[PDB]
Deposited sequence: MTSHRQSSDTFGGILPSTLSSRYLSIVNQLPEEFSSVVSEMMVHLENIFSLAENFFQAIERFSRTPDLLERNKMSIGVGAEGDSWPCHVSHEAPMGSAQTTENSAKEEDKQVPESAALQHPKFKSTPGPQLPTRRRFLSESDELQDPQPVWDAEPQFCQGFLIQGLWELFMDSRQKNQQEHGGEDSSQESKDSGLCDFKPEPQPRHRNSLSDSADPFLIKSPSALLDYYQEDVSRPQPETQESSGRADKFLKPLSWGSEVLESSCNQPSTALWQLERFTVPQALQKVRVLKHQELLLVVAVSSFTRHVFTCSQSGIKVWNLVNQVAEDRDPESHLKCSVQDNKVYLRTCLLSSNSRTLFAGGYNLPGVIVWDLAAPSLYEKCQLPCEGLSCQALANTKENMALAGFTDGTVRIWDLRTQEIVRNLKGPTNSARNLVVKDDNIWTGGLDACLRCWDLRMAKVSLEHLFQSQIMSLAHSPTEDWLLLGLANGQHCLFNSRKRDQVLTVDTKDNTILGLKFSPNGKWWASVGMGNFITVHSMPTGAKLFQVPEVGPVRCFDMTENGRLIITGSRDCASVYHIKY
């Protein structure tokens, strides 16, 4: 009903001068204040001034900041329905995944709207018809994982080599990937459609263990120091201990778990249900799950801040909302065109990429 109108957002100064020179040339051959946004300098920072505050923070409260607004700076033009987005600000790259391939973009380029990727990795020609579903990027930005529907395994790419080439296969013949995770012990794990979570040794490509649950119960998968948190359509959250290799905890929820996240610093676990309700669960004490919000639309994305003082949410409600962590109070909203299906945030907490229909918009976080 309410149709947001997209406008050419950046109009940087250099583009203004170039467009001015372009018009004069065509003007000659016929007879026969303005607002500019700050550029993303070097693909890293914006070089702006922080907002004012009513008071001064405590001496020990230095690195714990919350955002105030988001500003759009670029649109990356994928040409298919976007599914997943990843960043890894260490190398200033962006990975966008669709059902037919993964496009790699560089943030160093200063373009209002980017249509030329750094690389276009695909796998469709290998078999008769193969779809991709998900992609993952490791913490140190040296490995990329991709998983799909009809693949013979999850594809592993090396990103620290002089060339971009396929590395591993990690065999899984007749399953749909549906989830990916990585651990510090140099192991990989994935959770398929029929409830199996399989763990491979990354260096030898050898299957270490298989964990079995009910159908569609492994849609979301989070790894911690020695625990594995899983949840899906069956509306239950379970925790597996890798040592004793059975379920440890089982908690029942009133609606299907659509997204899961974990706080980097504290011991909180974030649940996003299909009725718009957020939930906080203590992963250590495990007493009771406390509901913080309510919405009319479903929730498809959830991610914590690098310092774990706030979080962001996306869904089918045309909006990207930011909430403060302590009590869950909403901070602000930013509208979009359609169902936002994926987003990601940089490690230094400066950027946020968001993929709505087939364009990935990158926003700068204003503190």
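Numbered from the first deposited residue, the unresolved ranges run 1-145, 178-246.
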